[PDB]
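A single chain, nothing else alongside it, follows as structure tokens in the form described as "closed conformation" in its entry title.
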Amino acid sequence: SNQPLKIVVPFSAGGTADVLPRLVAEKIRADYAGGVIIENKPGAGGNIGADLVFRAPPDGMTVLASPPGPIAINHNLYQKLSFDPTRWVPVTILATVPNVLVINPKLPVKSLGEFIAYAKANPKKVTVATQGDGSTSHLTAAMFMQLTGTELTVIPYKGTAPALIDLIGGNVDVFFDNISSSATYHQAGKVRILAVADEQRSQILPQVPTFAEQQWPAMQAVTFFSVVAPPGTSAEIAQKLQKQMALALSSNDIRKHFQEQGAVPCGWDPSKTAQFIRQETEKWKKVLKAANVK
């Protein structure tokens, strides 16, 4: 078709939600006469761009590349959504990535223990950025507060990218971002990452310990980036698109870029993708209850 493939990322450009489909989009451009364009449609925790793709023609030329918010979390948190995430047509999972605790380095804090005490001394004073209500950074922050007894004031953003800008600029204190987008700044000293919310360390930040190592093993928060087609999209179209992307994800160049920012390439078929989204939808639903989020 002379039309381009429209991949909608419902978060600000500059974060992991943007860069992973963008890297893959470049590899699959030869598959489409009209090309492959990324469209950034941020706002409302990813629901604006999500609603946009949800209403798009089910022809497989408009798709949503999104982290879990609009995919597996928002419908169990928001009072009413204009779309039903259980009706997405799964294409594939691009990658899973662990979340980490990022702080502004100018805070008088160099460890988790110091941070917890620093927040407990003044409840509500320490501000925590999020990528929007229902994002994993939101639920990971709430998860953290439940386990530690700290009280952080949530500040939502249209994505990781504007949140990091403010964090580095001293306008927001902490951020439970995913490691991929924050590691770039940690190496340059622009931020300080205190811990990884995963069972193993990440090899891009070998010195940053897991929460579990720091004796907070209940801090387990791994996000994932999915590709979904509008409701009604045929299984053939979704499968042909997942194969195109699975081919991209298997190349050395993409594996290298993914590996180097701590992203784990997946590329599963739509059926395994569908199961995984069910498993994750259930996982985060329990986090919603256990930390009662809002």
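One-based numbering along the sequence shown.
This next part talks about the form described as "open conformation" in its entry title, which is not shown.
Looking at 61, 222, 35, 112, the entry at the hinge of the rigid-part motion between this form and the one not shown is 222, while the rest lie more than 12 positions from any hinge. Note: the CA-CA distance for residue 274 and residue 220 contracts in that other deposited form relative to this form, by 3 angstroms or more.
Relative to what is shown, residue 11 and residue 105 are farther apart in that other deposited form; their C-alpha atoms differ in spacing by at least 3 Å.
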